[PDB]
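Single-structure report; data block below.
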Amino acid sequence: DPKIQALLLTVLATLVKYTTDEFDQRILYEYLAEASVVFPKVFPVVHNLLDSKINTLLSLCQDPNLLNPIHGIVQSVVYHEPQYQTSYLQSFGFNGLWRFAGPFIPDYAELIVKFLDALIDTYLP
Amino acid sequence: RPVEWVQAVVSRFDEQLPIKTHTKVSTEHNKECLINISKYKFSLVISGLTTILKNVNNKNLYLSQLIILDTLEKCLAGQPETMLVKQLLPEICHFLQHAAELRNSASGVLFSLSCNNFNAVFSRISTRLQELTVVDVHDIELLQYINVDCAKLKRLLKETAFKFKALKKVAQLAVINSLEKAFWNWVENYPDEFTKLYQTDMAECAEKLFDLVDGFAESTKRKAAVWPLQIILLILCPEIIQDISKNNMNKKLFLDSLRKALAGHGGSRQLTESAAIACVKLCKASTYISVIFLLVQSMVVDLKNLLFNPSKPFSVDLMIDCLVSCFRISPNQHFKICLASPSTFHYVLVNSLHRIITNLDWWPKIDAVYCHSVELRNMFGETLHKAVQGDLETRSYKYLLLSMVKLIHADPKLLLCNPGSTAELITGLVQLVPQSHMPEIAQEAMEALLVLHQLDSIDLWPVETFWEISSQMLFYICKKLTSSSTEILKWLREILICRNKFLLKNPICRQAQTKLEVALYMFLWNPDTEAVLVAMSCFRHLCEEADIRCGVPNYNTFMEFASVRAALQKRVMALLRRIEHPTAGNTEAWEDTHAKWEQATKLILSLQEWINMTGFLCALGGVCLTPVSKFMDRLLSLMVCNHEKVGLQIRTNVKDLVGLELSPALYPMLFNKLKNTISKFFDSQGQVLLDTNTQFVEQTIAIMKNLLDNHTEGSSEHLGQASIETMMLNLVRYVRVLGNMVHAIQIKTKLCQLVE
């Protein structure tokens with residue numbers, strides 16, 4: 001299912017976007033290199049997320065182990081350059097996924113107030 | 001957003017150029033990624049590289065340009081037009097000792113470009129030809145470099161012939177030379193297409209151009225310039241060759257003039273010299289295939305009597321082309337002349353053999369030459385002997401020897417196949433490896449010895465021979481290493497890999513293994529960080545050897561070295577302390593290092609090497625438990641080193657190395673020697689003999705504090721073996737009689753910190 005591929009990819013990309021540990025990044029980007037080659041038609045979804053950090057790691061980095069996956073992803077992307085833009089997550093309701101899982105009220109809280117009040121009113125007599 | 005990240009890789013690659021170890025690995029890894037990206041988005045990568053090349057064009061500059069051009073060539077060779085033509089091609093034209101590398105690189109770029117682009121490069125050439133009809137020739141030189149096939153060659157000749165008479169005389173000359181190379185470019189790349197030519201429009205172009213170029217040839221110098229092309233154009237006309245072997249009269253008179261010029265009957269040396277070039281090019285051409293063989297048979301004897309005459313030497317690349325062609329035509333009279341003779345002939349032979357190996361299905365393989373291996377070995381031994389016992393004659397033996405070693409690198413099998421013989425060959429190569437005055441030869445001798453140590457080669461030298469010879473090489477190399485050491489050590493790593501491979505398929509051996517062990521330990525203190533890391537890597541292969549042998553004492557600590565400037569030396573010394581078990585090697589390494597260190601100590605009284613040697617002796621010395629007793633006495637004498645320029649550094653480093661790095665197994669000797677020394681600071685009435693003794697005491701306090709601070713595993717066991725009580729009593733008693741000055745107060749303070 002392309003939605004499941006897109007969600008999986010977006011989670012891995014989300015984990016790359018934020019995590020500061022280069023050892024985390026090694027593991028994650030190795031999985032993105034395979035995942036790009038595995039799901040090439042869906043991979044464009046993640047490109048916006050990856051773009052900022054991939055520019056950063058290309059221009060800055062000097063670990064070959066982390067770079068080998070990154071260069072693999074760029075190669076894979078160009079080799080298969082779409083059927084699913086970043087907007088695709090929005091259609092099923094996941095545009096916030098990379099939004100929310102970033103670093104640490106009013107609009108959310110009012111909806112939660114209505115939800116909790118409805119939860120009480122349904123469940124509690 | 002893919003374009004933006006491709007541009008980010010391009011931009012990374014640009015910023016990592018030398019003109020602006022991890023930066024090396026990063027650069028190559030970026031280059032390889034750009035190549036693999038170019039495999040798909042070719043014009044993005046080529047545009048970026050072109051843009052960078054323009055910026056760079058408008059030692060590190062050359063290296064940057066080489067990196068860009070090597071990248072371009074590999075991208076273009078990986079190709080699946082407008083800016084290739086309008087942007088890249090003019091920059092590659094701009095390039096067309098580092099200038100020759102850049103010209104070679106740019107030519108390889110242009111060749112690759114031209115494969116799929118040819119019509120554009122030809123349009124540039126055709127436009128400059130047109131401009132030349134109505135003098136700047138440089139675009140015409142592009143004909144030399146471009147990829148050419150049969151149809152393209154025909155087009156180049158047709159275009160040239162039409163315009164040639166309207167061109168100016170300098171342009172005509174540039175065209176003539178450039179077409180000569182253009183023909184070879186086709187024949188070399190597309191030998192099948194040249195073969196098919198001997199199995200009318202090409203011949204019409206070639207004849208028309210021949211007659212035009214003949215009409216240009218009004219003088220001795222112009223004749224000499226055109227004859228190498230005229231023979232090519234005649235070789236492009238097989239039916240004309242068949243007729244003139246019996247409109248064609250000027251072609252017959254040209255061949256007759258070449259024959260007369262080879263036979264010495266032409267008075268003009270320039271025409272004889274040119275005729276050699278032409279007839280070698282003919283001989284060469286025949287190897288890529290016929291009536292041409294009759295033409296070769298009419299000239300080859302006079303050509304051999306011109307180029308291979310020991311009584312009247314010709315005036316090397318031309319001679320090599322001749323010999324290689326003669327071998328390919330008939331795989332040996334001139335060969336025996338080259339085996340016997342001028343050293344320049346030995347040179348031409350060896351380089352010809354090297355080219356035969358390194359460059360078609362009917363070409364004779366090198367194996368016909370394996371009759372002459374004994375004579376090649378004799379030539380090697382003689383040349384080696386003459387190079388080592390050595391101005392112009394000496395310099396020539398060096399170039400010859402390099403070529404013979406390159407030949408051995410190209411193929412060992414020759415030398416070994418006709419045949420002690422192998423042992424002599426290997427011994428000669430091994431003797432070159434140490435030679436400081438010949439780094440290029442030594443490097444190639446190592447590569448030669450490496451290929452000689454590959455499995456297929458060793459079989460030809462089996463196991464009883466491998467053991468004796470390879471161990472003899474190891475022993476000799478290690479013995480020299482214990483007397484470019486780093487490169488020799490890297491190579492010794494790859495030799496050990498080969499030995500492990502050979503044994504995995506499976507008294508001098510014990511001596512060799514011991515000397516290797518000595519050498520590796522002695523490298524652990526070397527002032528070069530790279531050497532130390534390589535030596536560590538060598539212990540891995542020593543373990544692998546023992547695993548392979550045993551599968552049919554130090555091993556744990558060797559594997560820990562395998563797992564691994566000041567921080568590295570600290571790590572090394574920590575490992576050296578974990579060597580419990582004595583071996584002939586570690587013992588000898590200590591004794592040798594001690595001997596070297598004593599010599600270095602005297603010379604000092606290079607410093608970082610002495611510090612590292614000191615540290616190594618301190619760390620390893622436990623195994624030796626006398627020489628060690630004398631070394632410790634010498635260290636103790638150095639704690640009070642009064643030397644004005646290096647004394648503070650000596651005292652500091654002895655203190656730090658004894659206090660942090662000494663072997664736990666030596667603590668019982670150190671405390672007895674400190675005790676005995678400090679005890680001499682008292683008279684028979686137990687009164688203190690007060691600068692040297694005070695300085696010894698201060699350094700002793702710091703050394704003992706550092707020892708006692710240290711948590712090296714197993715150190716507790718050894719700290720128990722000798723009493724400190726009499727020493728510490730004598731230290732405090734000494735320090736008590738020091739007055740109440742600032743320095744004496746600091747010493748009292750330090751002794752309290754030690755006591756704690």
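Scheme for the structure tokens: letters A, B, ... for chains in order shown; per-chain residue numbers from 1; ligand numbers from 1 in order shown.
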Compute the chain A side of the contact with chain B at 6 Å, counting only C-alpha atoms, and hand it back as a ChimeraX atom specification. /A:55,59,62,71,75,79
File of the preceding selection, C-alpha atoms, as a short mmCIF file (atom, residue, chain, number, x, y, z; two decimals), in the first residue's frame:
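Once everything was written out, this is result28.cif:
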data_model
loop_
_atom_site.label_atom_id
_atom_site.label_comp_id
_atom_site.auth_asym_id
_atom_site.auth_seq_id
_atom_site.Cartn_x
_atom_site.Cartn_y
_atom_site.Cartn_z
CA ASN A 55 21.97 19.82 1.76
CA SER A 59 27.99 20.44 2.23
CA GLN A 62 33.06 14.09 6.49
CA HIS A 71 24.85 9.74 -1.89
CA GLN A 75 21.60 8.74 -6.87
CA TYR A 79 17.82 7.57 -11.31
#
Exercise: residue 353 of chain B partners within 12 Å, only C-alpha atoms, chain neighbours under 4 positions left out, as JSON, numbers by chain: {"B": [320, 321, 323, 324, 325, 326, 327, 328, 331, 335, 338, 339, 346, 347, 348, 349, 357, 358, 359, 364, 365, 366, 367, 368, 369, 370, 372, 373, 376, 403, 404, 405, 406, 407, 408, 409, 410, 411, 414]}
Could you save those same residues with N, CA and C atoms as a CSV table (one decimal), in the first residue's frame?
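Result went into part_0.csv, see below:
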chain,number,residue,atom,x,y,z
B,320,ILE,N,60.8,1.1,-30.0
B,320,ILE,CA,59.9,0.2,-29.3
B,320,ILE,C,58.7,-0.1,-30.3
B,321,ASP,N,58.1,0.8,-30.9
B,321,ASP,CA,57.1,0.6,-31.9
B,321,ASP,C,57.6,-0.4,-33.0
B,323,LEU,N,60.1,-2.8,-32.7
B,323,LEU,CA,60.3,-4.1,-32.1
B,323,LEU,C,59.0,-4.8,-31.8
B,324,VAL,N,58.0,-4.1,-31.2
B,324,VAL,CA,56.7,-4.6,-30.9
B,324,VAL,C,56.0,-5.1,-32.2
B,325,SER,N,56.2,-4.2,-33.2
B,325,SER,CA,55.6,-4.6,-34.5
B,325,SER,C,56.2,-5.8,-35.1
B,326,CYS,N,57.6,-5.9,-35.1
B,326,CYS,CA,58.3,-7.1,-35.6
B,326,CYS,C,57.9,-8.3,-34.9
B,327,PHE,N,57.8,-8.3,-33.5
B,327,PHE,CA,57.4,-9.4,-32.7
B,327,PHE,C,56.0,-9.9,-33.1
B,328,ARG,N,55.0,-8.9,-33.2
B,328,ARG,CA,53.7,-9.2,-33.7
B,328,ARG,C,53.6,-9.8,-35.1
B,331,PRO,N,56.8,-13.8,-34.3
B,331,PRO,CA,57.3,-14.0,-32.9
B,331,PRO,C,58.4,-15.0,-32.8
B,335,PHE,N,65.9,-9.4,-31.8
B,335,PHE,CA,65.7,-9.7,-30.4
B,335,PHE,C,66.9,-10.2,-29.8
B,338,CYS,N,69.2,-7.4,-29.3
B,338,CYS,CA,68.8,-6.7,-28.0
B,338,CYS,C,69.1,-7.4,-26.7
B,339,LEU,N,69.1,-8.7,-26.7
B,339,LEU,CA,69.5,-9.5,-25.5
B,339,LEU,C,71.0,-9.5,-25.2
B,346,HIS,N,68.8,-2.7,-24.7
B,346,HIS,CA,68.2,-3.4,-23.6
B,346,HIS,C,67.0,-2.7,-23.1
B,347,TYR,N,67.0,-1.4,-23.1
B,347,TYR,CA,65.9,-0.5,-22.7
B,347,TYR,C,64.7,-0.7,-23.7
B,348,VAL,N,65.0,-0.6,-25.0
B,348,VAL,CA,63.9,-0.8,-26.0
B,348,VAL,C,63.3,-2.2,-25.9
B,349,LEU,N,64.1,-3.2,-25.7
B,349,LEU,CA,63.6,-4.6,-25.5
B,349,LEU,C,62.7,-4.7,-24.4
B,357,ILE,N,52.9,-7.0,-23.0
B,357,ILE,CA,52.0,-7.6,-21.9
B,357,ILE,C,50.8,-6.6,-21.6
B,358,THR,N,51.1,-5.3,-21.6
B,358,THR,CA,50.1,-4.4,-21.0
B,358,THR,C,49.1,-3.8,-22.0
B,359,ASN,N,49.4,-3.7,-23.3
B,359,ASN,CA,48.4,-3.4,-24.3
B,359,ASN,C,47.3,-4.4,-24.4
B,364,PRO,N,50.6,-12.4,-31.1
B,364,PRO,CA,51.3,-13.4,-30.2
B,364,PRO,C,51.3,-12.9,-28.8
B,365,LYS,N,50.9,-13.7,-27.9
B,365,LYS,CA,51.1,-13.5,-26.4
B,365,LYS,C,52.6,-13.5,-26.1
B,366,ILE,N,52.8,-13.0,-24.9
B,366,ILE,CA,54.2,-12.9,-24.4
B,366,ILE,C,54.9,-14.2,-24.2
B,367,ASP,N,54.1,-15.3,-24.0
B,367,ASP,CA,54.7,-16.6,-23.7
B,367,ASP,C,55.7,-17.2,-24.7
B,368,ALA,N,55.7,-16.8,-26.0
B,368,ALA,CA,56.8,-17.1,-26.9
B,368,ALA,C,58.2,-16.7,-26.4
B,369,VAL,N,58.2,-15.6,-25.7
B,369,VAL,CA,59.4,-15.0,-25.1
B,369,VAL,C,60.0,-15.8,-24.0
B,370,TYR,N,59.2,-16.7,-23.4
B,370,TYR,CA,59.6,-17.5,-22.2
B,370,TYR,C,60.7,-18.6,-22.6
B,372,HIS,N,63.6,-17.0,-23.6
B,372,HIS,CA,64.7,-16.0,-23.3
B,372,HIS,C,64.7,-15.6,-21.9
B,373,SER,N,64.0,-16.2,-21.0
B,373,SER,CA,63.9,-15.8,-19.6
B,373,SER,C,65.3,-15.8,-18.9
B,376,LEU,N,67.0,-12.7,-19.9
B,376,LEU,CA,66.4,-11.6,-19.2
B,376,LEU,C,66.8,-11.5,-17.8
B,403,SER,N,62.6,0.0,-15.7
B,403,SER,CA,61.9,-0.7,-16.8
B,403,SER,C,61.9,-2.2,-16.5
B,404,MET,N,63.0,-2.8,-16.1
B,404,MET,CA,63.0,-4.3,-15.8
B,404,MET,C,62.1,-4.6,-14.7
B,405,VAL,N,62.0,-3.8,-13.7
B,405,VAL,CA,61.2,-4.0,-12.5
B,405,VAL,C,59.7,-3.8,-12.9
B,406,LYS,N,59.4,-2.8,-13.7
B,406,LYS,CA,58.1,-2.6,-14.3
B,406,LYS,C,57.7,-3.9,-15.1
B,407,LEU,N,58.6,-4.4,-15.9
B,407,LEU,CA,58.4,-5.6,-16.6
B,407,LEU,C,58.1,-6.8,-15.7
B,408,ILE,N,58.8,-7.0,-14.6
B,408,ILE,CA,58.5,-8.0,-13.6
B,408,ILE,C,57.1,-7.8,-13.0
B,409,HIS,N,56.8,-6.6,-12.7
B,409,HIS,CA,55.4,-6.2,-12.3
B,409,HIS,C,54.4,-6.6,-13.3
B,410,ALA,N,54.7,-6.3,-14.6
B,410,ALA,CA,53.8,-6.7,-15.7
B,410,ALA,C,53.6,-8.2,-15.8
B,411,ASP,N,54.7,-9.0,-15.8
B,411,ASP,CA,54.6,-10.4,-15.7
B,411,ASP,C,55.9,-11.1,-15.0
B,414,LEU,N,57.1,-15.1,-16.9
B,414,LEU,CA,58.2,-15.2,-17.9
B,414,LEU,C,59.5,-15.6,-17.2
Just asking: which residues within segment 386-547 of chain B are helix (DSSP H, G or I) according to DSSP, as number ranges by chain? B: 386-389, 392-410, 413-417, 421-432, 439-452, 455-460, 463-481, 485-505, 508-524, 529-547
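For the set B:196, B:634, B:736, B:86, the residue with the smallest atom-to-atom gap to residue 150 of chain B is B:196, counting only C-alpha atoms.
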Can you pull out the residues contacting residue 66 of chain A? Cut-off 9 Å, using only C-alpha atoms, and skip same-chain residues under 3 positions away; I want them as a PyMOL selection string. chain A and resi 22-23+25-27+29-30+57+61-63+69-70
Write out as a count of residues only the residues lying within 12 Å of residue 295 of chain B, counting only C-alpha atoms and excluding same-chain residues fewer than 5 positions away. 25
Selection: 7 Å around residue 44 of chain A, only C-alpha atoms, excl. self and same-chain fewer than 6 positions, as a PDB file with N, CA and C atoms, in the first residue's frame:
ATOM      1  N   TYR A  84       3.458  10.801  -6.447  1.00  0.00           N
ATOM      2  CA  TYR A  84       3.076  11.215  -5.092  1.00  0.00           C
ATOM      3  C   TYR A  84       3.940  12.379  -4.598  1.00  0.00           C
ATOM      4  N   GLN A  85       3.419  13.599  -4.614  1.00  0.00           N
ATOM      5  CA  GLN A  85       4.074  14.781  -4.034  1.00  0.00           C
ATOM      6  C   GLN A  85       3.957  14.792  -2.495  1.00  0.00           C
ATOM      7  N   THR A  86       4.638  15.699  -1.783  1.00  0.00           N
ATOM      8  CA  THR A  86       4.504  15.829  -0.308  1.00  0.00           C
ATOM      9  C   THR A  86       3.057  16.029   0.141  1.00  0.00           C
TER      10      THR A  86
END
List as number ranges by chain the protein and nucleic acid residues near residue 6 of chain A, meaning an atom at most 10 Å away when only C-alpha atoms are counted, but skip any in the same chain fewer than 3 places from it. A: 1-3, 9-12, 39, 41-46, 84, 86, 88-89, 94
Serialized selection, C-alpha atoms, as a short mmCIF file (atom, residue, chain, number, x, y, z; two decimals), in the first residue's frame:
data_model
loop_
_atom_site.label_atom_id
_atom_site.label_comp_id
_atom_site.auth_asym_id
_atom_site.auth_seq_id
_atom_site.Cartn_x
_atom_site.Cartn_y
_atom_site.Cartn_z
CA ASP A 1 0.00 0.00 0.00
CA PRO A 2 1.54 3.39 -1.05
CA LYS A 3 -0.04 5.06 2.06
CA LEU A 9 9.18 6.68 4.83
CA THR A 10 7.92 9.82 6.54
CA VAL A 11 8.66 8.38 9.99
CA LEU A 12 12.22 7.44 8.99
CA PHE A 39 9.70 2.53 -3.00
CA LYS A 41 7.50 6.16 -6.83
CA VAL A 42 6.52 7.13 -3.24
CA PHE A 43 9.96 8.50 -2.23
CA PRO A 44 9.22 12.09 -3.55
CA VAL A 45 6.92 12.62 -0.52
CA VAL A 46 9.89 12.65 1.83
CA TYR A 84 3.08 11.21 -5.09
CA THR A 86 4.50 15.83 -0.31
CA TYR A 88 -0.10 13.10 -0.71
CA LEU A 89 0.23 12.74 3.10
CA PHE A 94 -0.65 13.11 7.83
#
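Picture a line from atom CA of residue 144 of chain B to atom CA of residue 42 of chain B; it runs 25.7 Å.
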Report, in Å with one decimal, the straight-line distance from atom CA of residue 215 of chain B to atom CA of residue 131 of chain B.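 Separation of atom CA of residue 215 of chain B and atom CA of residue 131 of chain B: 21.9 Å.
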